[PDB]
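Trainee: here goes the first bit of my complex:
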Amino acid sequence: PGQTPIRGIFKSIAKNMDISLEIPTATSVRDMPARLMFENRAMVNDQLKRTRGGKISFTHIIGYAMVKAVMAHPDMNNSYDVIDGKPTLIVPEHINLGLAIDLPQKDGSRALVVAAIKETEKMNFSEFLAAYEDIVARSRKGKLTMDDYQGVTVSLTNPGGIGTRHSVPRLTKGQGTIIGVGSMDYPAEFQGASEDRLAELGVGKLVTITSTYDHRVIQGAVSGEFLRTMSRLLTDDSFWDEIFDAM
């Protein structure tokens, strides 16, 4: 009980949240079927098990789809800044994808950090998976440099691990959008039903995906079309041929 100064990484988190108050933000929400993801992921993980490889996750698949979608809709990669006291649009050279990793510390307090995969628009699924696992591995061992925290152009977060349905997050300065992935589960009005009955009816599972963007440089129609493209890719023949071929 009482008052205590904020020190360390927490002071940095506090200062950035205060700066971010000067961004006008809006949000879009879309829900998608998730059956084909469960099926095709299982097929890939069976192959890896026989070949004594690793394991892929839902975030890997959604990550790759997200990159393809940003290529199809380039406006989602832009940001805003005032330079020489004039308003300015900033168009980057590459797509650098930030991952929000929750890592506990030595003290016993959790902190969230955003690390970057760089030059993602010239990768196939095999390359993408390697880069992803590299960042995650080094984060646990505590061997991330200062260069890994710089140059992010678009971010990804996964609150659905805990079981949240969806969220409305904060956008940090220097970016245009942040994408969030919610729980992949049956709706709550079917959580007491029998397996037999669900199979008979043909009820599937959901996923809700969100988009939070800066409204000075991105319009609503662009954000909507972005999510529509992601929805088409995750249920598309040609998309899953790529992943299967690479693995």
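Mentor: Ah, there it is. Numbering: from 1, shown residues only, chains lettered A, B, ... in the order given.

Trainee: surely residue A:180 is in contact with residue A:209?
Mentor: Yes - using C-beta atoms under 8 Å, residue A:180 is in contact with residue A:209, at 7.0 Å. (Each C-beta comes from the backbone N, C-alpha and C, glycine too.)

Trainee: can you pull the contacts of the residue most central in space within chain A?
Mentor: In chain A, the residue lying closest to the centroid (C-alpha atoms, centre = their mean) is residue A:156, at 2.2 Å. Listed by C-beta atoms under 8 Å, 6 or more residues apart in numbering, the contact partners of residue A:156 are A:59, A:62-63, A:66, A:97-100, A:178-181.

Trainee: scan those and report the most crowded one.
Mentor: Within those, residue A:97 tops the neighbour count with 27 neighbours, counted by other C-beta atoms under 10 Å.

Trainee: hmm, it is touching residue A:67, no?
Mentor: Yes - using C-beta under 8 Å, residue A:97 makes contact with residue A:67 at a distance of 6.6 Å.

Trainee: next, show the common contact partners of these two.
Mentor: With C-beta under 8 Å, 6+ apart as the test, residue A:97 and residue A:67 both reach residue A:120.

Trainee: distance of residue A:130 from residue A:200?
Mentor: Distance of residue A:130 to residue A:200, given as C-beta to C-beta, to the nearest Å: 43 Å.

Trainee: separation between the residue nearest to the centre of chain A and residue A:87?
Mentor: For residue A:156, the distance to residue A:87 - C-beta to C-beta - is 28 Å.

Trainee: whichever strand or helix holds residue A:40 packs against which elements?
Mentor: Here residue A:40, judged by DSSP states H and E, is contained in helix A:35-50. Applying 3 or more C-beta pairs under 8 Å, 6 or more residues apart in numbering; DSSP states H and E, we find helix A:35-50 packed against helix A:58-72, helix A:237-246.

Trainee: any chance of TSV for those, columns distance to residue A:106?
Mentor: Listed next are the helices and strands packed on helix A:35-50 as TSV, based on distance: least, C-beta to C-beta, whole Å:
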stretch	distance to residue A:106
helix A:58-72	26
helix A:237-246	38
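
Trainee: just name the most buried of the ones you listed.
Mentor: Stretch with highest mean neighbour count among these: helix A:58-72 (a mean of 19; mean count of other C-beta atoms under 10 Å).

Trainee: past it, which element shows up next along the chain?
Mentor: Next element after helix A:58-72 (DSSP H and E): strand A:79-83.

Trainee: now for chain B, put it on the one above:
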Amino acid sequence: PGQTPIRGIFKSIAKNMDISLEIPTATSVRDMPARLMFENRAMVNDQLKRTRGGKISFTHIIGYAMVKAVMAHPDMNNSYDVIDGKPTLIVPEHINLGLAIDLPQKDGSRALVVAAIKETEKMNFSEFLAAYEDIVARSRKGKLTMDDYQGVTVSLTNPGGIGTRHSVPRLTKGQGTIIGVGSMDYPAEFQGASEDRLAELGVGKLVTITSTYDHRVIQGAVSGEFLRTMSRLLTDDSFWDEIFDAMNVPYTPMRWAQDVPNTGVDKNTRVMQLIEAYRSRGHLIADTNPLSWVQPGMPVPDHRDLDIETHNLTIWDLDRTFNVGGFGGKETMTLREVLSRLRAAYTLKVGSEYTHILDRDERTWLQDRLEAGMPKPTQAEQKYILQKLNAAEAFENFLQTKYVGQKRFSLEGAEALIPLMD
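Mentor: Let me add chain B to what's already shown:
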């Protein structure tokens, strides 16, 4: 039409909303089943009605769960301030819970106020309910002081009364979080379906709960875990045992389980076995003791035969219809009505043992008279019972007063013997 200055309470509401612009906020949303809440609330309100008590609401239950959750995740109680021009985290001493009460005024304009229940982390459900009703009562009569509006650490709101699905509200300065409760109803894609069809499928009702927090002092993972804890408590065995114990209800609470298929032994067979179990062994849980006393060294018999889990039935069968073979003078009935009748006949103030009798005509005579119930007596009859009770007690007290030391072997404690013999 035209312009008019804002004056009074409205000017205060306007100023606070302007100040609140300097809080960075984020939101989390989660949806939960709501069947067990409907069931167990009904059981508690039936007990209170017989004892001429009050009524509990959904906000009472969610409120209590919310307090338990804040205890499990203390970070949700903290706030932010700048002191001596340095950033600072503030950790309070108590959990003070603010309620958002919509109260109309004399003029005819509605206004929202937030009043506080203080020192909530040292309360049981009985204490909690009293404090809640105290605040609400005084608000309507217009007798809230200035101390009731100060010291709030966490807030609760209920937009689901009107029928809103969920909301994204504003957070006021000095707090860390605000929790919102949405509509408890079927989804809108089932609002035209029949009751029969919904019962067949096994479709339940929802509730959506939100959390809006200050991101300088609370992280997303903490907010998510908070809502996960609340979800577990509202479907937990041990949680509902507390509430039932505190409100003095004698039955086991309805439990949470999955719906089971109608395979193997049919469900009509299982409902007939339940009827037989209550007729045979229901006296083991009847309200026949005036004291709340269990003798320490005596064995307690097994009475697992009297709960619907042992006969492979579930909350999902309560509104389905079954063949009962003349029970209650009906050929068909719901499991809710079956349980109601059995409990009224074999579990109140009279417990009966008669199923061991070998003759069929004897058994039927008793069974018929015991399930019809006790007929309502007239006023003259009621006054006669009161005269006899008075005579008994008065006689004992007279002898006590006039002859103190003398041995008399009193009947005090058992005065109902006189009207029984009569």
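
Trainee: nearest residue to the closest residue to chain B within chain A other than its sequence neighbours?
Mentor: Using C-beta to the nearest C-beta, the closest approach of chain A to chain B is made by residue A:162 at 3.8 Å. In space, and not counting its chain neighbours, residue A:162 is closest to residue B:224: 3.8 Å by C-beta to C-beta, 6 or more residues apart in numbering or on different chains.

Trainee: that neighbour touches residue A:160, doesn't it?
Mentor: No - contact criterion C-beta under 8 Å: residue B:224 and residue A:160 do not qualify, at 9.2 Å.

Trainee: let me see the ranges of the helices in chain A.
Mentor: Along chain A, counting by DSSP state H, helices occupy A:9-19, A:35-50, A:58-72, A:125-141, A:195-201, A:220-233, A:237-246.

Trainee: surely residue A:105 touches residue A:111?
Mentor: Yes - between residue A:105 and residue A:111 there is a contact under C-beta under 8 Å: 6.1 Å.

Trainee: follow-up on the earlier one: quick check: which of the helices of chain A is buried the most?
Mentor: Neighbour counts (mean count of other C-beta atoms under 10 Å in any protein chain shown) averaged over each of these peak at helix A:58-72, with a mean of 19.

Trainee: which residues are contacting that one?
Mentor: A:37, A:41, A:76-77, A:95, A:97, A:120-121, A:123, A:125, A:128-129, A:132, A:154, A:156, A:158, A:179, A:181, A:184, A:209, A:226, A:229-230, A:233-234, A:239, A:243 (C-beta atoms under 8 Å, 6 or more residues apart in numbering or on different chains).

Trainee: now it - C-alpha only, PDB.
Mentor: What follows is helix A:58-72, C-alpha atoms only, in PDB (Å, rounded to 0.1, in the frame of the first residue of the first chain):
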ATOM      1  CA  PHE A  58      -2.000 -20.300 -36.000                       C
ATOM      2  CA  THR A  59      -0.100 -17.100 -35.600                       C
ATOM      3  CA  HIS A  60       2.400 -18.300 -38.300                       C
ATOM      4  CA  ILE A  61      -0.400 -18.800 -40.800                       C
ATOM      5  CA  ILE A  62      -2.300 -15.600 -40.000                       C
ATOM      6  CA  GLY A  63       1.100 -13.700 -40.100                       C
ATOM      7  CA  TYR A  64       1.800 -14.900 -43.600                       C
ATOM      8  CA  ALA A  65      -1.700 -14.100 -44.800                       C
ATOM      9  CA  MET A  66      -1.400 -10.600 -43.300                       C
ATOM     10  CA  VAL A  67       1.800 -10.000 -45.200                       C
ATOM     11  CA  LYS A  68       0.200 -11.000 -48.500                       C
ATOM     12  CA  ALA A  69      -2.700  -8.700 -47.800                       C
ATOM     13  CA  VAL A  70      -0.500  -5.700 -47.100                       C
ATOM     14  CA  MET A  71       1.100  -6.300 -50.400                       C
ATOM     15  CA  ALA A  72      -2.300  -6.200 -52.100                       C
END
